[PDB]
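A.B. asks: Protein chains in written order, with the numbering used here: chain A, 3 to 148; chain B, 3 to 148; chain C, 15 to 155; chain D, 15 to 155. Cβ atoms here follow ideal geometry from the backbone N, Cα and C, with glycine treated the same way.
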Amino acid sequence: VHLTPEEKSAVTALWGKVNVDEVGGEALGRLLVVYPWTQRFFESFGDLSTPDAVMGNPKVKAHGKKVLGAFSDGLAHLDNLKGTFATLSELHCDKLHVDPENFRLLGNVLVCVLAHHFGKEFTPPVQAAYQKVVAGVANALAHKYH
Amino acid sequence: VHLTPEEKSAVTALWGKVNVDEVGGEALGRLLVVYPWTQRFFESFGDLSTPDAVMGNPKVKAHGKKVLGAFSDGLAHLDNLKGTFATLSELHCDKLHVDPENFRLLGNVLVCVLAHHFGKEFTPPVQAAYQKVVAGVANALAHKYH
Amino acid sequence: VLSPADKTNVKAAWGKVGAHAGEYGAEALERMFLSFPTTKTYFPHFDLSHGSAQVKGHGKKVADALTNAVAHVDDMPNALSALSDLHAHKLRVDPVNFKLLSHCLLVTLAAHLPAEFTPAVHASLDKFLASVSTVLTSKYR
Amino acid sequence: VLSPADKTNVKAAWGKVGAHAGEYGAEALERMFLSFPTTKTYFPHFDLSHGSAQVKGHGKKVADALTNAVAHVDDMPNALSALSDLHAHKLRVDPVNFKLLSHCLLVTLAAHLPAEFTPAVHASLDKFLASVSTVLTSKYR
Ligand code: HEM
Ligand code: HEM
Ligand code: HEM
Ligand code: HEM
Numbered sequence: 003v004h005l006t007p008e009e010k011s012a013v014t015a016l017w018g019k020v021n022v023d024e025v026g027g028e029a030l031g032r033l034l035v036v037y038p039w040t041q042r043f044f045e046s047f048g049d050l051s052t053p054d055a056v057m058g059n060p061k062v063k064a065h066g067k068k069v070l071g072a073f074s075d076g077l078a079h080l081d082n083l084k085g086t087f088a089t090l091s092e093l094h095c096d097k098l099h100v101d102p103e104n105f106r107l108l109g110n111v112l113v114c115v116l117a118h119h120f121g122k123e124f125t126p127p128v129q130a131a132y133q134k135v136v137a138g139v140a141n142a143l144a145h146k147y148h
Numbered sequence: 003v004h005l006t007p008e009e010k011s012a013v014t015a016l017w018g019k020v021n022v023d024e025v026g027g028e029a030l031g032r033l034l035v036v037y038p039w040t041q042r043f044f045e046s047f048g049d050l051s052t053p054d055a056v057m058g059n060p061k062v063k064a065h066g067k068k069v070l071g072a073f074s075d076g077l078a079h080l081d082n083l084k085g086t087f088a089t090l091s092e093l094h095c096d097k098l099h100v101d102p103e104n105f106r107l108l109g110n111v112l113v114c115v116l117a118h119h120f121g122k123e124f125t126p127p128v129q130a131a132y133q134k135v136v137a138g139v140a141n142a143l144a145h146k147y148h
Numbered sequence: 015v016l017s018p019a020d021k022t023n024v025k026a027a028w029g030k031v032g033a034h035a036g037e038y039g040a041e042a043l044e045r046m047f048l049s050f051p052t053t054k055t056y057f058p059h060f061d062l063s064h065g066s067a068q069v070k071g072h073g074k075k076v077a078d079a080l081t082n083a084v085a086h087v088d089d090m091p092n093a094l095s096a097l098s099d100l101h102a103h104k105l106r107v108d109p110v111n112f113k114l115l116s117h118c119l120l121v122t123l124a125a126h127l128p129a130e131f132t133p134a135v136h137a138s139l140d141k142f143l144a145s146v147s148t149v150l151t152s153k154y155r
Numbered sequence: 015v016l017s018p019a020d021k022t023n024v025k026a027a028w029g030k031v032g033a034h035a036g037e038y039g040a041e042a043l044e045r046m047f048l049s050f051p052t053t054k055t056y057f058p059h060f061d062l063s064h065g066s067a068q069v070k071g072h073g074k075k076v077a078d079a080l081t082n083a084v085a086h087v088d089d090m091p092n093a094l095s096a097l098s099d100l101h102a103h104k105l106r107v108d109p110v111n112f113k114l115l116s117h118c119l120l121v122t123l124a125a126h127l128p129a130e131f132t133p134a135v136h137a138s139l140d141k142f143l144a145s146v147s148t149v150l151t152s153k154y155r
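#1: Could you tell me whether any Cβ in chain D is nearer than 8 Å to the Cβ of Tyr37(A)?
#2: Taking only beta-carbon atoms, is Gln41(A) less than 8 Å away from chain C?
#3: In the stretch 81 to 100 of chain B, which residues sit with their C-beta less than 8 Å from some C-beta in chain G, listed in chain order?
#4: Strictly under 8 Å for the Cβ-Cβ distance: is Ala125(D) near chain B by that measure?
#5: If you scan the stretch 43 to 128 of chain C from start to end, which runs of the alpha helix (DSSP H) of 4 or more residues do you find wholly inside it?
#6: Quick one: what does DSSP say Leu80(B) is sitting in, helix, strand or coil?
#7: Beta carbon of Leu34(A), beta carbon of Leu116(A): below 8 Å?
#8: For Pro18(C), go through chain A and note every residue whose CB falls closer than 7 Å to its CB, in chain order.
#9: My output table needs one value for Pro126(B): the three-state DSSP class, helix, strand or coil.
#10: Check whether the Cβ of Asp108(D) lies closer than 8 Å to any Cβ atom in chain A.
#11: Please check the pair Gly39(C) and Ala77(C), which I expect to be a contact at CB under 8 Å, by giving their CB distance rounded to whole angstroms.
#12: Measuring only the C-alpha atoms, how far is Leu50(B) from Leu94(C)?
#13: Around the Cβ of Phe124(A), are there at least 16 other Cβ atoms within 10 angstroms (buried) or fewer (exposed)?
#14: Name the residues in the stretch 32 to 57 of chain D whose C-beta lies less than 9 Å from a C-beta of chain A; which are they?
#15: With 7 Å as the C-beta to C-beta threshold (strictly closer), list the residues of the stretch 61 to 94 of chain C near chain A in chain order.
#16: Report yes or no: do the stretch 137 to 145 of chain B and the stretch 113 to 131 of chain C share at least 3 C-beta pairs separated by less than 8 Å?
#17: Mapping the DSSP letters down to three states, classify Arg42(A) as helix, strand or coil.
#18: Taking 7 Å as the line, does the beta carbon of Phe50(D) fall inside it for any heavy atom of ligand 1?
#19: Counting only runs that start and end within the stretch 91 to 141 of chain B, where is the alpha helix (DSSP H) found for 4 or more residues in a row?
#20: Roughly how far, in whole angstroms, is the beta-carbon of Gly36(C) from the beta-carbon of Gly73(C), given that I think they are within contact range, below 8 Å?
#21: Would you check if the distance between the CB atom of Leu83(A) and the CB atom of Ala142(A) is smaller than 8 Å?
#22: Assuming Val111(A) and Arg32(A) form a contact by the criterion Cβ under 8 Å, report the distance between their Cβ atoms to the nearest whole angstrom.
#23: Decide yes or no for the touch test of the stretch 125 to 138 of chain D against the stretch 63 to 72 of chain D: beta carbon pairs closer than 8 Å, at least 3 of them.
#24: Compute every distance between the C-beta of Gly71(B) and the non-hydrogen atoms of ligand 2, then say whether any falls below 7 Å.
#25: To the nearest whole angstrom, what separates the beta carbons of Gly18(A) and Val62(A), a pair I think is in contact under 8 Å?
#26: If you draw a straight line from the alpha carbon of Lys122(A) to that of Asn59(B), how long is it in whole angstroms?
#27: So, using beta-carbon positions, are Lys134(A) and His148(B) closer together than 8 Å?
#28: Which of the three DSSP states is assigned to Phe73(A) in this structure?
#29: Show which residues of chain A have a CB atom less than 8 Å away from the CB atom of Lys10(B).
#30: Mapping DSSP to helix, strand and coil, what is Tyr154(D)?
#31: When the distance is taken between beta carbons, is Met46(D) closer than 8 Å to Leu114(D)?
#32: Looking at chain D, is there any beta carbon in it that lies within less than 8 Å of the beta carbon of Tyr147(A)?
#33: Just to check, is the beta-carbon of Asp78(D) closer than 7 Å to a non-hydrogen atom of ligand 4?
#34: Check whether the Cβ of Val128(A) sits closer than 7 Å to any heavy atom of ligand 4, and report yes or no.
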């Protein structure tokens, strides 16, 4: 990650516009629809009889604040991602061992949740300055893999 | 990359055992056989009528010292890869724009050239300490992409 | 290829789109091009910037394929066989962008109507591309 | 699936191997397992370390498939249909390792006879896996 306080203050200010209070739970419930084959790791959620059983799950709501939360932690300290993502990566590498070909997706899904609930802000400069930012997380949770 | 002078001195000492004087040219001529679809970037070599035309090309011989050379540069200064790979990545990103799904291969091919010409040294500890090492290059030439 | 309700979700999304498909198809281009990170050196040859009737002329080609595809989706691999010949036997383009234009439709239509909020639509335009992506690079048995 | 000389290079490599195939198949496992980076937490359930007749018992399963495959290679998708059911409908293993066991054969046979130095053999065991990898995960039309 590496942007100027001007282009970063926008993708960073969108945090308020985003109700992380739950928007983090809808981001995962969607990643499953566009990619439900990941039923190997989400096997813990148990409740998964039908796509609707996911949004009805109580953990997905609280678990959403954890996923979208780790992201807000970076914007709150981009001084070093691998520094804080040292546990998530180690916990996601040896504990969950999530294939590295997945984060690149959760990044294209969340963005869609913003352009939809906030399309009046998907300005060109706000998007380009949105990939290289979270793009560091995709690798952060993969820097401990190799 | 990050190994101990003991496990690193072995994968690093193998350099001498490797005749980079040409072994770097055979590493590419092979990457094409196992993956000849990359005929979009190697379109410059021109000479490519048949797989044998690749080993008969004079540049592949001198170009091999450049590819295997950039690698030796790291072992000669692992203090910072992105520091030296700043040009190769920028030159390979905007000038060549090589897809990021390729380095992971050149790393599995070269190793085969050693286990073959030097299988009496492919000891277990010499291999495990061979991936995380060059694994940094695969990302180095991709850190400027995102 | 395809057959299950996977289409009902596509024909549905195509119902709200209607005479507005060739439009969202153009906004899907400026979606990934705006970042113009790698393609910048590729220079598609059609001014990805505005003031280029060529960019909007390309979108209609994407929304026209999905329609011409929904028009058959049971024999489109032959009609869309040319696209695979222009992207595979010409331009040597790198399908690696397919992952971009694929999500672009979801981020570009967002400014209007993206998925629709159906536990399946999001996968409709994302997976239905499986039949459009396979015909774009048919291995030709 | 497959048909061109792509096999002649496989049957050839299988000719030098001979009663030594089930052997190189076992060394292909300790090849990627030695690093045991991710699988470490997966615990395959067969002691990847030596002193485990289970590791050498698995190699023979890989060299036995290529043979049983060369034994038909014109109808193996049904005989190897079980493997796809054990790796897809059971164990939920992550084929992401296929990229490891694939090169392992080339790095493990190196200690003896890997490619053979033929501008095509290197692709034979690497591409011929295309028919072994497709039957290992047949999408079942
Ligand atoms: C790449 C963006 C992602 C981020 C930032 C992220 C972040 C997190 C965080 C912070 C936790 C909580 C860790 C804890 O409980 O201490 C977590 C748990 C979890 N994540 Fe993710 N995650 C991401 C993607 C994924 C993906 C793609 C999957 C697979 C669909 C996944 C599956 C899980 C699972 C199963 C847990 C629960 C593990 C447990 O119960 O301990 N995550 N994730
Ligand atoms: C991932 C390991 C690789 C390394 C370390 C590497 C390194 C290099 C270096 C040092 C050069 C010379 C740059 C110069 O001329 O100033 C070069 C050139 C080149 N490489 Fe690679 N390379 C790698 C992989 C590849 C791959 C996979 C391809 C595609 C098959 C490729 C295609 C080329 C081409 C076409 C050139 C010539 C560009 C020119 O003429 O300026 N390289 N590479
Ligand atoms: C499933 C996604 C896609 C669909 C449905 C699609 C469809 C089409 C169609 C219908 C045309 C018109 C062909 C003609 O002129 O007769 C076209 C042209 C073109 N497409 Fe795509 N396309 C897709 C993805 C892409 C991607 C990812 C790229 C690369 C960024 C791309 C680059 C082009 C180019 C350069 C042309 C112009 C070719 C010419 O000059 O005739 N397309 N596409
Ligand atoms: C084309 C490459 C591969 C071939 C040809 C192959 C072939 C086989 C065969 C023939 C068996 C015996 C099935 C039986 O017990 O009846 C087997 C079992 C097994 N394979 Fe593979 N395999 C391949 C790759 C892999 C990979 C990448 C993994 C994961 C590291 C894997 C994991 C296993 C496991 C766990 C078993 C034991 C299943 C059991 O308990 O019955 N295989 N494989």
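C.D. replies: Once the coordinates are examined:
#1: As a working mapping, residue 37(A) is identified with position 35 in the first sequence. Judged by the 8 Å Cβ criterion, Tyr37(A) is not in contact with chain D.
#2: Within the first sequence, numbered from 1, the residue matching residue 41(A) stands at position 39. It does not: the Cβ of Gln41(A) has no partner Cβ on chain C nearer than 8 Å.
#3: Protein chains in the displayed structure are A, B, C and D, and chain G is not among them.
#4: By one-based count along the fourth sequence, residue 125(D) stands at place 111. Yes, because at least one Cβ of chain B sits closer than 8 Å to the Cβ of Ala125(D).
#5: 53 to 56, 67 to 84, 90 to 93, 95 to 101 and 112 to 123
#6: Here residue 80(B) corresponds to residue number 78 of the second sequence, with the count starting at 1. Residue state, collapsed to three classes: coil.
#7: Start at 1 with the first residue of the first sequence, and residue 34(A) comes out as number 32. Start at 1 with the first residue of the first sequence, and residue 116(A) comes out as number 114. Their beta carbons are not under 8 Å apart, which means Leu34(A) does not touch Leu116(A) by this criterion.
#8: In the third sequence, residue 18(C) corresponds to position 4, counting from 1. Residues of chain A passing the Cβ test: none, with the nearest at roughly 14 Å.
#9: The residue you call residue 126(B) lines up with position 124 of the second sequence. Correct three-state label for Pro126(B): helix.
#10: Locating residue 108(D) in the fourth sequence gives position 94, counting from the first residue. Yes, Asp108(D) counts as interfacial toward chain A.
#11: Along the third sequence, one-based indexing puts residue 39(C) at 25. Along the third sequence, one-based indexing puts residue 77(C) at 63. Right, the Cβ-Cβ distance comes to about 4 Å (below 8 Å), so this counts as a contact.
#12: Locating residue 50(B) in the second sequence gives position 48, where the first residue counts as 1. Locating residue 94(C) in the third sequence gives position 80, where the first residue counts as 1. C-alpha separation (whole angstroms): 31 Å.
#13: Within the first sequence, numbered from 1, the residue matching residue 124(A) stands at position 122. Buried, since its Cβ has 16 or more Cβ neighbours within 10 Å.
#14: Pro51, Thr52, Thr53, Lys54, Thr55 and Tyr56
#15: none
#16: no
#17: Walking along the first sequence from the start, residue 42(A) turns up at place 40. In the structure shown, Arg42(A) sits in coil (DSSP, three-state: anything other than H, G, I, E or B).
#18: Taking the first residue of the fourth sequence as position 1, residue 50(D) is located at position 36. No.
#19: 105 to 119
#20: The residue you call residue 36(C) lines up with position 22 of the third sequence. The residue you call residue 73(C) lines up with position 59 of the third sequence. About 6 Å; that satisfies the 8 Å criterion.
#21: Translated into positions along the first sequence, residue 83(A) becomes position 81. Translated into positions along the first sequence, residue 142(A) becomes position 140. Yes, they are a contact pair.
#22: As a first step, residue 111(A) must be located in the first sequence, where it is residue number 109. As a first step, residue 32(A) must be located in the first sequence, where it is residue number 30. Indeed they touch by this definition, with Cβ atoms about 5 Å apart.
#23: no
#24: On the second sequence, position 69 is the one that residue 71(B) refers to. Under cutoff, so the answer is yes.
#25: On the first sequence, position 16 is the one that residue 18(A) refers to. On the first sequence, position 60 is the one that residue 62(A) refers to. Going by Cβ atoms, the distance from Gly18(A) to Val62(A) rounds to 23 Å, so no, they are not a contact pair.
#26: Within the first sequence, numbered from 1, the residue matching residue 122(A) stands at position 120. Within the second sequence, numbered from 1, the residue matching residue 59(B) stands at position 57. Cα to Cα, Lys122(A) sits roughly 56 Å from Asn59(B).
#27: Walking along the first sequence from the start, residue 134(A) turns up at place 132. Walking along the second sequence from the start, residue 148(B) turns up at place 146. Yes, the pair counts as a contact, with Cβ atoms nearer than the cut-off.
#28: Counting from 1 along the first sequence, the entry for residue 73(A) is found at position 71. Residue state, collapsed to three classes: helix.
#29: Position 8 of the second sequence holds residue 10(B). In chain order: nothing, as chain A lies at least about 16 Å away.
#30: For the purposes of this step, residue 154(D) is identified with residue 140 of the fourth sequence, where counting begins at 1. Correct three-state label for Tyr154(D): coil.
#31: Counting from 1 along the fourth sequence, the entry for residue 114(D) is found at position 100. Counting from 1 along the fourth sequence, the entry for residue 46(D) is found at position 32. The answer is yes: Cβ separation under 8 Å.
#32: The residue you call residue 147(A) lines up with position 145 of the first sequence. With 8 Å as the cut-off, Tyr147(A) counts as an interface residue toward chain D.
#33: What you label residue 78(D) is simply residue 64 of the fourth sequence in a count that begins at 1. Under cutoff, so the answer is yes.
#34: In the first sequence, residue 128(A) corresponds to position 126, counting from 1. Result no, Cβ not under 7 Å from ligand 4.
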